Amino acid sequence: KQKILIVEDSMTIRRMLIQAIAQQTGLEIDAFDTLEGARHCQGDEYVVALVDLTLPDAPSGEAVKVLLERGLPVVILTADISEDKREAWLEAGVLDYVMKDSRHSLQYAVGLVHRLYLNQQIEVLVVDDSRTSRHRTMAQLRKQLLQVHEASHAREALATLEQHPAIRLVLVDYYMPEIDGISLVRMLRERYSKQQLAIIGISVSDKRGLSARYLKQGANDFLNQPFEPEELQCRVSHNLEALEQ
C-alpha cells in the first residue's frame, strides 16, 4: 500500500501535512475536510489514516471508529492529551496519536507515516519466554505494521530464523530456559554482522550491566523493561532506519 488518508478540517493543518508528507516521503495522499469525503475509502488502499477528532460531521471523534471498522489503521490527530484519553484510544485499537498543537509536534506524523509504510514489508522476531511480555511486545510491533514472528525460547528463535531468512531484526529477552539472551546474541553474531541482522537486547537497568553485556557482544541496541509503546516504536524505528541507511 502506497497511500495515506488524512481527514482533517483545518485548512492549515491539512496543508502542512500534505506538503510535508509529499516532500519528505513521496507517498500518495488523499485528504478530506469531512468524514463524508472519506466515504469510499477502504482498508486495502491506505497504509494508515490520520484522523481529526473535531470534524464537522464527526465532532467528537466519531471518524475513528468508522474508519477502524472499514479496516483502516488510524492515527489520531489531537490538540490535547491526558492519561485517560491515551488509554481510551489505545483500547479502541488506534495505532498512535500525534500532537497537532505546534508544527514541530505535527512533524511526528510525517516520520511515522514514512516508517509505517516501510514497515509493511519488514519481518521482525520477538524472543521471550514470558507469554505476557511476548504478546504485549508483539501486539505493539503489529501496530507498527511490521510482520511479527514469535518465539518462546532461543531454540525456537534459531529455527524460525532458518525458516524465514527475511527477518532483519530480533528483539531478545535476557533470561530464558537453556539459552539466555546474551548466549543467543553470541550465537547469532558468530554468523551475522550488525548490518545483516539487527538485534535489540531486552534488559533491565536494575541489573549489574545487562545492557552493557549485550552491546559488548554486538547487539545493535538495548531496551529496558518495562517499556511504553512509544519507547518501543522509537527504538525499533531507529534500528530499522540504521539498516536502510
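Residue numbers run from 1 along the displayed sequence.
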item: Of 232-240 and 20-28, the one with larger mean CA B-factor; value: 20-28
item: Stretch exceeding the other in mean C-alpha B-factor - 166-174, 97-105; value: 97-105
item: Candidate residues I200, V66, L184, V204, the one whose C-alpha B factor the record puts highest; value: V204
item: Member of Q196, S211, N220, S60 with the greatest C-alpha B factor (per the PDB record); value: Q196
item: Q120, C-alpha B-factor rank within chain (lowest, middle or highest third); value: middle
item: Within-chain third of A49 by Cα B-factor, per the entry; value: lowest
item: Ranked against its chain, the third holding the CA B-factor of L145; value: middle
item: Position of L55 among the chain's modelled residues by C-alpha B-factor, lowest, middle or highest third; value: lowest
item: Chain third (lowest, middle, highest) by recorded CA B-factor, residue given as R155; value: middle
